[PDB]
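Enquirer: Per PDB author numbering: the sequence shown = residues 1 to 130.
All C-beta atoms in this analysis are idealised placements derived from N, C-alpha and C, irrespective of residue type, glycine included.
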Amino acid sequence: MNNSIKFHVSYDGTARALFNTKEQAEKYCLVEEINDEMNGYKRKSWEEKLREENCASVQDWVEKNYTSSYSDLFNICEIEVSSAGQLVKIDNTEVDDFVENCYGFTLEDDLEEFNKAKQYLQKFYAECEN
Numbered sequence: 001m002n003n004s005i006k007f008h009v010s011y012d013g014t015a016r017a018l019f020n021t022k023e024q025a026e027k028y029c030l031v032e033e034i035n036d037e038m039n040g041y042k043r044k045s046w047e048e049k050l051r052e053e054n055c056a057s058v059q060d061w062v063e064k065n066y067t068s069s070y071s072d073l074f075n076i077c078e079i080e081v082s083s084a085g086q087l088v089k090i091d092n093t094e095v096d097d098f099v100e101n102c103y104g105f106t107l108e109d110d111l112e113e114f115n116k117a118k119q120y121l122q123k124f125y126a127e128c129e130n
């Protein structure tokens with residue numbers, strides 16, 4: 001029985017990626033969001049910030065002072081993934097509870113709905129990594 005810990009990062013409803021380290025996951029999302037901003041609106045401002053902050057890369061700027069574009073809209077949750085890849089538990093909670101809690105369906109009441117929710121929740125994690 002092998003267990004692995006992954007940090008699920010959810011931004012704007014979409015997932016950013018999966019990782020096992022704070023600076024690894026945080027810098028992954030932080031460089032991703034800012035890059036989107038670099039479309040040309042705040043790109044000039046961001047380029048100035050990196051240089052002014054004396055940072056070769058945005059990733060350096062994260063681990064450096066652990067600061068960067070970050071709003072309360074940011075949603076993070078920890079998940080557990082089997083060494084085989086199969087999901088076993090998420091958010092220190094059995095996904096079985098999540099499906100009944102959000103979908104309002106019970107296995108006995110409608111196992112058909114349960115399976116849908118179970119596979120629906122798996123996609124959020126396996127597909128989170130895009």
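1) What does DSSP give as the partner residues of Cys77 in its beta bridges?
2) Hey, how far is the Cα of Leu30 from the Cα of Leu107?
3) Quick one: give me the first and last residue of the beta strand (DSSP E) that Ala17 is part of.
4) Any idea what DSSP makes of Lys42, helix, strand or coil?
5) Using only CA atoms, which one of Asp36, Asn2, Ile90, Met1 lies nearest to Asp12?
6) Tell me, to the nearest whole angstrom, how far the beta carbon of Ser68 is from that of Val62; I am working on the premise that it is less than 8 Å.
7) State the start and end residues of the unbroken alpha helix (DSSP H) segment that holds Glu23.
8) If you follow the alpha helix (DSSP H) that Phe98 is part of, which residue opens it and which one closes it?
9) Less than 8 Å between the CB atoms is what I'm expecting for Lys64 and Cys55, so what's the real figure, rounded?
10) Can you give me the Cβ contacts of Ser4 inside the same chain, cut-off strictly under 8 Å, excluding the 5 residues immediately before and after it?
Expert: With the structure as the only source:
1) As a working mapping, residue 77 is identified with position 77 in the sequence shown. BP columns for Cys77 point to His8.
2) Taking the sequence shown and counting its residues from 1, the one referred to as residue 30 is at position 30. Taking the sequence shown and counting its residues from 1, the one referred to as residue 107 is at position 107. Take the alpha-carbon of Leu30 and the one of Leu107: they are about 39 Å apart.
3) Mapped onto the sequence shown, residue 17 falls at position 17. Bounds of the beta strand (DSSP E) holding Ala17 are 14 to 19.
4) For the purposes of this step, residue 42 is taken as the residue at position 42 of the sequence shown. It is coil, neither helix nor strand.
5) Residue numbering aside, residue 12 sits at position 12 when the sequence shown is read from its first letter. Put simply, of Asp36, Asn2, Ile90, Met1 the residue whose alpha carbon is nearest the alpha carbon of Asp12 is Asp36.
6) Residue numbering aside, residue 68 sits at position 68 when the sequence shown is read from its first letter. Residue numbering aside, residue 62 sits at position 62 when the sequence shown is read from its first letter. Between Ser68 and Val62, the beta carbon gap of about 6 Å places them in contact (Cβ cut-off 8 Å).
7) One-based indexing of the sequence shown puts residue 23 at position 23. Per DSSP, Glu23 is one residue of the alpha helix (DSSP H) stretching across 22 to 37.
8) Residue numbering aside, residue 98 sits at position 98 when the sequence shown is read from its first letter. Here the alpha helix (DSSP H) through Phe98 covers 95 to 102.
9) The residue labelled residue 64 in the question sits at position 64 within the sequence shown. The residue labelled residue 55 in the question sits at position 55 within the sequence shown. Confirmed, about 6 Å.
10) For the purposes of this step, residue 4 is taken as the residue at position 4 of the sequence shown. Closer than 8 Å at the Cβ level, and outside the excluded window around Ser4, lie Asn20, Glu80, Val81, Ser82, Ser83.
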